[PDB]
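Given as structure tokens, the chain that follows is alone and in the form deposited in one PDB entry.
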């Protein structure tokens, strides 16, 4: 609808440093946009503590049932729920393997931070989300990844929709306060062999790795190339 397109255009122009308040203000203004707007625009990631297993995990709509959220470690909801939504047994095994795989992925590329993977069944395959958050007094920063993958088993076809939110801020004598904030979304597609050679997690991992490397380079070019050249064109 037109109001949704206007909301999405506003989110393209309002300061990305305030994504959460922007969305909240839009939903206050036009409450009927809430569902479609929140499914179209990812929000900054939030961290919770799994006190059962002793591990941090990331929150999103995909691991939410009512007002509880499911830990990928304990596979339990917080606050506990009677019969919350849970992956099938087959997918839970894949989900455990994927969280361990992406912990290693995250360590190797991010050298810290937190990651969570949630999977769910679809009629002809399954889908999943891969979440990664890394944070940085006078030098701060935050990287948030949200990767949504759709898998259609036939061989398998993978569809990946990836959002990265990146912001950096410095406060220094020479340059004063410098703040760079932004959000970028990309998509890619791929058919793959599925075997002990390239199981689903390896196929998904390569897809996510390729996407993040590509997005990182684009962010590098825009943040530290394009806006720098614009600044110098102003004076």
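Rigid core: the largest C-alpha set superposing within 1.5 Å between the two forms. Residue numbers count along the first chain shown, from 1.
One more form of this protein should be noted, the form deposited in another entry, which is absent from this view; the next part is about it.
Visitor: Upon rigid core superposition, which of the listed residues (184, 27, 48, 188) is displaced by 2 angstroms or more at its Cα between the shown form and the other one?
Guide: Between the two forms, the residue that moves is 27.
Visitor: By the 2 angstroms cut-off, has the C-alpha of residue 214 moved between the shown form and the other one once the rigid core is superposed?
Guide: Stays below the 2 Å threshold, so no.
Visitor: Quick check: residue 59 between the shown form and the other one - does its CA shift reach 2 Å or more after fitting the rigid core?
Guide: Comparing the forms between the shown form and the other one, which are aligned on their rigid core, residue 59 does not shift its C-alpha by 2 Å or more.
Visitor: Quick check on residue 203: with the core superposed, does its CA move 2 angstroms or more between the shown form and the other one?
Guide: Residue 203: C-alpha displaced by less than 2 Å between the shown form and the other one.
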